[PDB]
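Below: one structure, written as structure tokens.
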Amino acid sequence: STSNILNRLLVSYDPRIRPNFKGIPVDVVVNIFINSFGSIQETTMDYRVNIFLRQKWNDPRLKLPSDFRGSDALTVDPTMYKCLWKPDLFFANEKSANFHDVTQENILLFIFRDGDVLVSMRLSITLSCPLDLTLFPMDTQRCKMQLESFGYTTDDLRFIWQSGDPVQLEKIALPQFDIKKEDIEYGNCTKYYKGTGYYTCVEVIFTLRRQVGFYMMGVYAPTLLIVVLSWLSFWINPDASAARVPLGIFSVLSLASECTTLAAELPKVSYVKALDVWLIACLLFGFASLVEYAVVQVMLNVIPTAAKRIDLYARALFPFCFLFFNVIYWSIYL
Amino acid sequence: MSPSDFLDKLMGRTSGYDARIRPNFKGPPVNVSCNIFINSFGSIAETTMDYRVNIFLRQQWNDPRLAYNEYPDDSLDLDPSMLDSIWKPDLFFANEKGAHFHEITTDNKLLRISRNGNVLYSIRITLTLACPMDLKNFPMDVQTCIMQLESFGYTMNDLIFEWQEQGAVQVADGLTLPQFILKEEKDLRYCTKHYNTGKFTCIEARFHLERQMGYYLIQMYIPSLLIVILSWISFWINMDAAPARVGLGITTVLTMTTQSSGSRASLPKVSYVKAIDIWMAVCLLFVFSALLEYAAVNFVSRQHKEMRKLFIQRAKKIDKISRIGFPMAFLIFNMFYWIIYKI
Amino acid sequence: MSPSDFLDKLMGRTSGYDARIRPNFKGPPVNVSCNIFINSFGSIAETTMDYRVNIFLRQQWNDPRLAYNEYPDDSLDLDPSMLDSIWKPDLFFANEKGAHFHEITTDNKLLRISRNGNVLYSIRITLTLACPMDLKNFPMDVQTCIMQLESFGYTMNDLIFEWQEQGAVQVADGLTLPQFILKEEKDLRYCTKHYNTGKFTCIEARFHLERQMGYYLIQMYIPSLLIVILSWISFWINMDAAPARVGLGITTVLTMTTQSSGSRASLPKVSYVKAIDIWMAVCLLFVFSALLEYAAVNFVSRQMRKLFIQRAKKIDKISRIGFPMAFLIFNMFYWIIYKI
Amino acid sequence: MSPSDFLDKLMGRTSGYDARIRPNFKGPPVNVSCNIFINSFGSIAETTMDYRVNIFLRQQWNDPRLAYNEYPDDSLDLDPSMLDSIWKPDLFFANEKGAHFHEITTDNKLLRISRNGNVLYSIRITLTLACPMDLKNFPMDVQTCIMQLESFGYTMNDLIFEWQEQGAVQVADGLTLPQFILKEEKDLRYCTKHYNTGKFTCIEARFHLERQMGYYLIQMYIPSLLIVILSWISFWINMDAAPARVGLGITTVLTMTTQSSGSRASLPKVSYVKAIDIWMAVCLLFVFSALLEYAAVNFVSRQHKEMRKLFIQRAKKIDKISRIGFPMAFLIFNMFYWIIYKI
Amino acid sequence: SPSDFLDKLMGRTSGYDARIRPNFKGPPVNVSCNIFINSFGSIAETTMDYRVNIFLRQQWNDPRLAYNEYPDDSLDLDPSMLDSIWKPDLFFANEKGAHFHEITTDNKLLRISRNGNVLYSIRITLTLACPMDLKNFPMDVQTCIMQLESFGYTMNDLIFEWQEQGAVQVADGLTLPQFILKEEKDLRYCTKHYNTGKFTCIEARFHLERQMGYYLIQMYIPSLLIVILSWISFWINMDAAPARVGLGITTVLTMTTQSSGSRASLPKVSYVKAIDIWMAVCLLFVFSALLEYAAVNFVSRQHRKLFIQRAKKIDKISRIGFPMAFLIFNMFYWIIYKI
Ligand SMILES: *[C@@H]1O[C@H](CO)[C@@H](O)[C@H](O)[C@H]1NC(C)=O
Ligand SMILES: *[C@@H]1O[C@H](CO)[C@@H](O)[C@H](O)[C@H]1NC(C)=O
Ligand SMILES: *[C@@H]1O[C@H](CO)[C@@H](O)[C@H](O)[C@H]1NC(C)=O
Ligand SMILES: CCCCCCCCCCC
Ligand SMILES: CCCCCCCCCCC
Ligand SMILES: CCCCCCCCCCC
Ligand SMILES: CCCCCCCCCCC
Ligand SMILES: CCCCCCCCCCC
Ligand SMILES: CCCCCCCCCCC
Ligand SMILES: CCCCCCCCCCC
Ligand SMILES: CCCCCCCCCCC
Ligand SMILES: CCCCCCCCCCC
Ligand SMILES: CCCCCCCCCCC
Ligand SMILES: CCCCCCCCCC
Ligand SMILES: CCCCCCCCC
Ligand SMILES: CCCCCCCCC
Ligand SMILES: CCCCCCCCC
Ligand SMILES: CCCCCCCCC
Ligand SMILES: CCCCCCCCC
Ligand SMILES: CCCCCCCCC
Ligand SMILES: CCCCCCCCC
Ligand SMILES: CCCCCCCCC
Ligand SMILES: CCCCCCCCC
Ligand SMILES: CCCCCCC
Ligand SMILES: CCCCCCC
Ligand SMILES: CCCCCCC
Ligand SMILES: CCCCCCC
Ligand SMILES: CCCCCC
Ligand SMILES: CCCCCC
Ligand SMILES: CCCCCC
Ligand SMILES: CCCCCC
Ligand SMILES: CCCCCC
Ligand SMILES: CCCCCC
Ligand SMILES: CCCCCC
Ligand SMILES: [Cl-]
Ligand SMILES: [Cl-]
């Protein structure tokens, strides 16, 4: 007769009245168990996530009558959940979400003797976080999961994270990120709206780092060795115009083709990035090599023939300048 | 006294309040003071000509039938479950192109009724609004995307929409967009539609958008300039190196062609010419004209012998006049292009 | 005097009105006058053969059972909730391919009843209709996408659809589209499907769509002409600069190949030959023919026996004016056959 | 007359009719003649192996309980709301993979009851049915995609599905398709699935699909043929022109590899070898072998100067034999390829 | 009549409760549930997920629903009354999205036998998720699983168990792009341990293998051909400077454009794959060939004939050195990734 006791308990109960209506504000503890961390879509600035949301509070009106015992916990139907009072909790930065119904309405409700209520439910929320794609290949991103009240001020409703385990992610294996620990703190990040008073809000921050192995091996090394090949034309004889012009021009063509093909594979945003700076610098170095050959040719065409001196200058000018630029680039972007 | 019971008494079967009739029926029009709060502005696309927003749309009006003084509480909240029993304006977006509410753990709708009868109604919406875009000057365009709030069945003499006196539209915190920057100042036009049936109230807020010239100005522009300078390098070579000059010219042509080909993947799918296609075409034409002038000078030089060295002198003269003629022409084109597309 | 109660007394349980019986039952057919108002035309895809629209579909008809005389006001608006309990024509789009209503802050429906029984029923729909596409001449095609309004469970002797006298199909302000420009003229054709069960009423409107000749022209045609002229430049050099001639020819053919390859993504994914592919194939054939001509010249010249050199010079002289004239003939045939 | 009241009298609380009991209960099975009408056949994809259709599925069966004789009108149209409470066959699609109804301005359902109990039930459905596809011979494949209709809760002794004698499956007017041509002939094979519980009725229709060849033919095959012919041309140049021949060979191989890259970009993503990959690989092998044979010729020639003129004659003989071996071998390969992939 | 016999057996007039598990406060109610993969595919590396269609059915004894008066052996039911009977709260631990099928009828079935055994078969479409590791991309073997678990019952109330035979079955010869589903599929027995007790768990593992024909041809073959072309560049006289420079730089360009065109088809991942190593090594070999030509050209020119002799010896020693290095690399690359 577990239905009769809960029915009689909910008789003469108002779902629209929070516990301690004129008393102290109610305390709610929030727990989150992330199942899967969805893939970040850098085009529209969002990331899906599937979580187990567990919020617990106290309700004096739901005190278990002494005549009925049952057990230390009592269960109300996930179809009769609407009879009792539930906090108005919503995610501030989310933009699309839904519940889950695979075989049943997967909402868990427990009512204990002392009056505590345990609520567990599934969600797949597509939160949003602004991503800074500057220093793109080796950046670091932070995304929030701000939970916030909607209808009650701090004088009526308050959210505090569970002391032990706020978030318990276990295995994600992101395609372009990785994380094991995240800042469970910043829970008391409270948002205030003027003319409505303080509004409770709890925030958790996930720190996302990007692996750079593919970009290091897929772009940086080929581009560097292309620049080396561009240098390589300095050692060929000046008279071999038909052999030194193709080397430089095809090095420039290879750089341009690689840049154009790598375009539309990188995120499509319009502002400078570390990879763009590297590519344009390498293209400029190839261009400078070709211009140096042009200067050698115009000097070449008893004449002193002061072109081998230009080649001697270049042989130590180009690698040194490239190494200096590389040192500056890594020191400033890493 | 339970506020739920008090509200049931105020509006219900034994109350006489009708939720299907506007306040001040057959009287003065009811004014609505509505202000929006943009929360997530982004997802701008050019294939479907639309963008997505999240709005904390809150609209205030006065209902004289809601006046009450017996209850001592200054504010009287209403549960979102029973929103069907109270009259609400039928505000709709003329260019919503689709939208939905949010129902995470609770309906994201709020309604509280003041003592004097003022009503607050704040809801959370997700509109994929649509705005036409002009890409005649693509890398330096200034889009103007708007949203319109209108009544559906009520004329001008029944329902009137007016923006709040201060802070009618409030953007959120430092959210960023890909390929766009939202201007911090946005005007509030006082729209109006005059149909045959009468006047329907309409209010619009225009968002000015500014494109970034960054990744664009680097990748789509600097390599083309470098290729043109390489073509001028080909100019600065002796006429005897015919294979070298031919190879340098045709390769520069190939490089410009492959740059133009690869650049199209990132560019929007648009049929009418943009401001970057002109630049690419002019660069390709410059490189082609370089190769053409090399062909001309080679043919003139070969006419000698194949009648004295006057032909060689003429070929040298062609080179001398081209070396300084073509860079100045390119500079003139560059100045005209940047002036016409920036001033 | 309590319009809700008056409407309940007019139609409802106590009035005997039935929501499943058409007006003028077992008698003359009831006419319906519906005028469409396009609000957003766009999202035209050549892959799934569909396009999306917004419609302020308002349809009018006369119901004698709804006529009233005691109420003073001429019109009487109706909430959608009670609109769900009144007879409405089952107008369904013959090629809807999917659609949904709009329910933002209120149901986007409107129903008012006049004194004489005339009722206006304006709703908001977001259709993604389907229209076949003819891309035989891709860059210079004129598509014709249509929508059809038909009844579902009624024949021509019960329900008859017809447009308004003027302004049946209307468009909004100067909305724009990518890769198309909507024609200002849209004829209101008449249709009727003679199924085996009877004659079902039908009305359709045709939207003419013309493709713009902008970006396509410049960045698909101009480089081809430039490469062919570069091949003629290769023609304009002697037969002893063999590395120069070979390099110029092979680089021109590679440039044409990469120009064809790069545009493959931009063009729609179709498997029948289009006008653009003919142009690209002809340009590639021209470049190949130029390279083959140079190969023949080199073979003859490497083949006193100076008459062979004289014959190579004759071949070069002939090809100097042969290729430009052939290209001009092709360019005058192509545009005439595809534009006129 | 009030057909709604007559319908309530015939079936409802005061009639004894049950909506969960099949007609002819505890007796012969009830045949359901169902015929479809394809209205939109498109959106065929290789990534997810499915296609979308729109069907005016109409099915008929006899119900002696619903049979009536007092009412004068032969047909009684019934609205969907009351259709929710009438017995219908438990039909479902064995490979639906997702589907939904259409409810634009009205439910797209039509039920009419004849005098002798015959019931007609036509609805509009949209299905993303799935069909396995093989791309072993991609450009010249013939594909067959089918749809299956089965009972879900009734065995062979209760529900039986049978196509109509004439025009069971029809198609609309001249609808087109990208990359495919729907065959006008479509056989209707019979089906039966013997599960552990018993025998379930099942019927399927096969839609034969051909693939277009013009665009693939031109864009992929023709440039490969031209590049192979250029690689052949690389034989006719003089032996001493080492830069010319090296450049021609390597540029032809670069052209072949960039054509292959473009194809792979524009081809369906499938991990098993198609019929165009063989062609591209063979063309690449041919141009590579031409460059290899030129290298062999150059090596033979070089050792003559570093034997007298014997090696030069050997190199000339190699050129002469290659100039006729390459075209004949390529023709043999082409003949074998087209014979094996067409016959 | 069977229609109201269900009401007589359970409901308002019988007293049966639809929110209490059978054998209340007693032994757990075992549920022998077996699935039937109807359509497997839509595997994507962008979101680490796959989609299935399942004819999930499950049996469990129910003495409350057990009946003996009705002569009929079986007793079917419709979803309308099925919505008022106790069912196990079975949810997938990695569903990532789900929905039923409701075409022309709800795709659900429920029949009750005399002894009380209940059958409950539903058709579901699950977009399950599995982490896929692409360290060795062309020669990987994935392992994607589904986890059926209870939600509001411990192991003292509800216990799941696979069928004794034929628990997981597959449909006819459905074909996937880029994957071949192995016929063998083990059925592990998971069990989650939480602070509130033990929750039931059962999993089925679908081993997946990737075909490598198209990848092999269209990536490995051109790279090997370009390496052979670089060796051809080795096999030329030293004085042919334009020819050798052109050949080397054009081979470098060909390798670069081959890699660039290959980056589009491959999955977009941030860690190094087994094909990126191969492409990088081939490109490095072409670069090394060009560097060797540069060295021999610098030595040969420079300047008696010993310097030119030294250049000839460099060509002689690098003519066969590179093939051996490439063979060694090929044997160490294929052994480490295939064995
Ligand atoms: C959090 O800050 C608020 C004040 O804005 C208040 O509740 C308290 O000082 C802090 N701690 C908790 C647990 O709320
Ligand atoms: C068809 O159905 C009737 C009952 O309606 C049954 O008597 C007959 O045997 C069935 N025949 C077929 C074609 O299965
Ligand atoms: C189910 O298994 C339990 C043991 O876990 C056993 O006690 C019980 O008798 C079995 N039968 C049922 C369905 O209760
Ligand atoms: C957003 C800061 C940009 C700083 C300048 C970057 C210049 C990069 C190009 C240098 C040649
Ligand atoms: C030419 C030197 C390249 C290496 C520079 C390393 C800089 C320090 C990096 C610290 C993470
Ligand atoms: C390709 C760039 C050429 C720049 C000018 C070079 C001039 C060199 C001669 C100075 C006396
Ligand atoms: C497009 C470049 C034109 C250069 C000048 C050509 C002159 C040719 C005639 C010389 C008498
Ligand atoms: C297709 C490659 C051919 C290589 C040269 C073969 C020469 C064989 C004859 C040696 C006397
Ligand atoms: C893969 C390069 C092959 C070069 C030619 C080798 C010839 C060897 C035989 C010489 C008699
Ligand atoms: C498959 C290409 C075959 C090219 C011709 C090879 C000839 C080898 C024998 C030369 C004497
Ligand atoms: C690729 C760079 C080569 C630099 C010159 C190396 C010279 C080595 C020989 C010194 C006697
Ligand atoms: C990367 C190839 C290196 C080949 C050996 C070069 C040796 C140069 C020094 C010779 C004395
Ligand atoms: C039974 C598996 C065989 C894998 C391929 C082995 C290749 C070994 C030779 C590599 C040069
Ligand atoms: C394994 C695919 C076989 C295709 C037909 C035969 C091709 C022969 C090419 C020489
Ligand atoms: C563009 C680079 C020029 C380098 C000149 C070096 C001169 C050394 C004497
Ligand atoms: C003779 C050695 C000259 C080195 C010049 C280095 C210049 C670095 C910017
Ligand atoms: C872009 C036109 C060519 C530059 C003008 C001078 C050409 C030589 C007379
Ligand atoms: C387009 C190629 C023409 C080849 C003509 C050859 C004439 C030989 C006498
Ligand atoms: C329907 C095919 C027409 C092909 C026309 C080719 C014209 C070539 C000049
Ligand atoms: C030489 C091509 C002429 C094309 C004329 C087209 C005219 C269209 C009205
Ligand atoms: C079905 C293939 C037709 C190919 C026509 C080619 C025309 C070239 C001028
Ligand atoms: C050059 C070989 C052509 C082979 C054509 C075969 C056509 C079969 C229908
Ligand atoms: C592809 C194998 C080539 C082997 C060349 C050996 C040369 C020995 C002098
Ligand atoms: C790789 C750089 C070599 C420099 C040599 C300077 C003498
Ligand atoms: C807005 C200023 C533009 C200057 C351009 C100088 C070429
Ligand atoms: C004859 C020299 C062989 C060198 C092999 C290096 C791996
Ligand atoms: C995991 C590292 C593999 C290196 C292979 C080198 C051939
Ligand atoms: C992280 C791997 C780097 C490899 C460089 C060759
Ligand atoms: C580019 C520098 C040239 C210096 C000539 C003396
Ligand atoms: C190619 C140019 C020729 C000019 C003859 C006057
Ligand atoms: C395109 C120029 C042709 C000139 C023929 C004499
Ligand atoms: C069928 C496999 C062919 C491979 C050709 C290199
Ligand atoms: C001498 C002719 C050989 C042909 C080989 C296919
Ligand atoms: C299926 C194996 C193909 C191998 C081609 C070289
Ligand atoms: Cl490319
Ligand atoms: Cl070259």
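Here, residue 1 is simply the first one shown, and the rest follow in order.
Backbone N, Cα and C atoms are what each Cβ position is placed from, and that goes for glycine too.
Annotated in Swiss-Prot:
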type: BINDING; residues: B:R58, B:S122; note: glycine 1 binding site
type: BINDING; residues: B:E185, B:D187, B:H208; note: Zn(2+) binding site
type: BINDING; residues: B:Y195, B:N196, B:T197, B:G198, B:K199, B:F200; note: strychnine binding site
type: BINDING; residues: B:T197; note: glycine 2 binding site
type: DISULFID; residues: B:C131-B:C145; note: disulfide bond
type: DISULFID; residues: B:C191-B:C202; note: disulfide bond
type: CARBOHYD; residues: B:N31; note: N-linked glycosylation site
type: SITE; residues: B:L254; note: site 'Important for obstruction of the ion pore in the closed conformation'
type: TOPO_DOM; residues: B:238-242; note: topological domain 'Cytoplasmic'
type: TOPO_DOM; residues: B:264-274; note: topological domain 'Extracellular'
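Features recorded in Swiss-Prot, as mapped to the structure shown.
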residue : record                                                                      : DSSP (3 states)
B:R58   : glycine 1 binding site                                                      : strand
B:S122  : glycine 1 binding site                                                      : strand
B:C131  : disulfide bond                                                              : coil
B:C145  : disulfide bond                                                              : strand
B:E185  : Zn(2+) binding site                                                         : coil
B:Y195  : strychnine binding site                                                     : strand
B:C202  : disulfide bond                                                              : strand
B:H208  : Zn(2+) binding site                                                         : strand
B:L254  : site 'Important for obstruction of the ion pore in the closed conformation' : helix
Practice item. Could you tell me, to the nearest whole Å, how far the Cα of B:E306 is from the Cα of B:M307, given 8 unmodelled residues between them? Key: 9
Exercise for review: Determine how many residues of the topological domain 'Extracellular' (B:264-274) DSSP places in helix, in strand and in coil.
Suggested key: 3 helix, 0 strand, 8 coil
Study note, to complete from the structure: Per the Cβ filter (under 8 Å) with a sequence gap of at least 6 from its ends, the topological domain 'Cytoplasmic' (B:238-242) is approached by 297-298, 301, 315-316, 319
Study note, to complete from the structure: For B:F200 (strychnine binding site), the nonlocal same-chain Cβ neighbours (under 8 Å, six or more residues apart) come out as B:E150, B:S151, B:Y154, B:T155, B:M156, B:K193
Exercise for review: Given the recorded positions B:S122, B:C145, B:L254, state which is nearest to B:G198 (strychnine binding site) when distance is taken between Cα atoms.
Suggested key: B:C145
Study note, to complete from the structure: Sequence-distant residues near the topological domain 'Extracellular' (B:264-274) by C-beta distance (under 8 Å, 6 or more away from its ends) are 46-47, 135-139
Study note, to complete from the structure: As a whole number of Å, the Cα atom of B:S122 (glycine 1 binding site) is distant from the Cα atom of B:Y195 (strychnine binding site) by 29
Practice item. Let me know how many other Cβ atoms fall within 10 Å of the Cβ of B:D187 (Zn(2+) binding site). Key: 12
Exercise for review: Could you measure between the residue listed as 'N-linked glycosylation site' and B:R58 (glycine 1 binding site) for me? Cα positions, answer in whole angstrom.
Suggested key: 14
Review point. What is the nearest of the recorded positions B:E185, B:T197, B:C202, B:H208 to B:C131 (disulfide bond), using the Cα of each?
Key: B:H208
Check your understanding: Out of B:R58, B:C145, B:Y195, B:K199, the recorded positions in the record, which is closest to B:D187 (Zn(2+) binding site) when you go by Cα distance?
Key -> B:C145
Practice item. Sorry to bug you, but what's the C-alpha spacing from B:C145 (disulfide bond) to B:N196 (strychnine binding site), rounded to the closest Å? Key: 27
Point to revise | Close-lying recorded positions around ligand 17 among B:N31, B:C145, B:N196, B:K199, B:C202, B:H208, where CB distance stays under 6 Å | key: none
**Study point:** Alpha-carbon spacing, B:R58 (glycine 1 binding site) to B:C202 (disulfide bond), which is rounded to whole Å
**Key:** 16
Check your understanding: When you average the Cβ positions of B:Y195, B:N196, B:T197, B:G198, B:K199, B:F200 for the strychnine site, which other residues in that chain have a Cβ within 8 Å of that mean position?
Key -> B:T155, B:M156, B:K193, B:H194
Practice item. Identify all same-chain residues not among B:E185, B:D187, B:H208 whose C-beta atom falls within 8 angstroms of the centroid of the Zn(2+) site's C-beta atoms; report them in sequence order. Key: B:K183, B:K186, B:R206, B:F207
Study note, to complete from the structure: Counting every protein chain shown, other Cβ atoms within 10 Å of the Cβ of B:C145 (disulfide bond) number 22
Review point. What is the Cβ neighbour count of B:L254 (site 'Important for obstruction of the ion pore in the closed conformation') at a 10 Å cut-off, with all protein chains included?
Key: 24
Study note, to complete from the structure: By Cα geometry, the one of the recorded positions (B:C145, B:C191, B:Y195, B:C202, B:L254) nearest B:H208 (Zn(2+) binding site) is B:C145
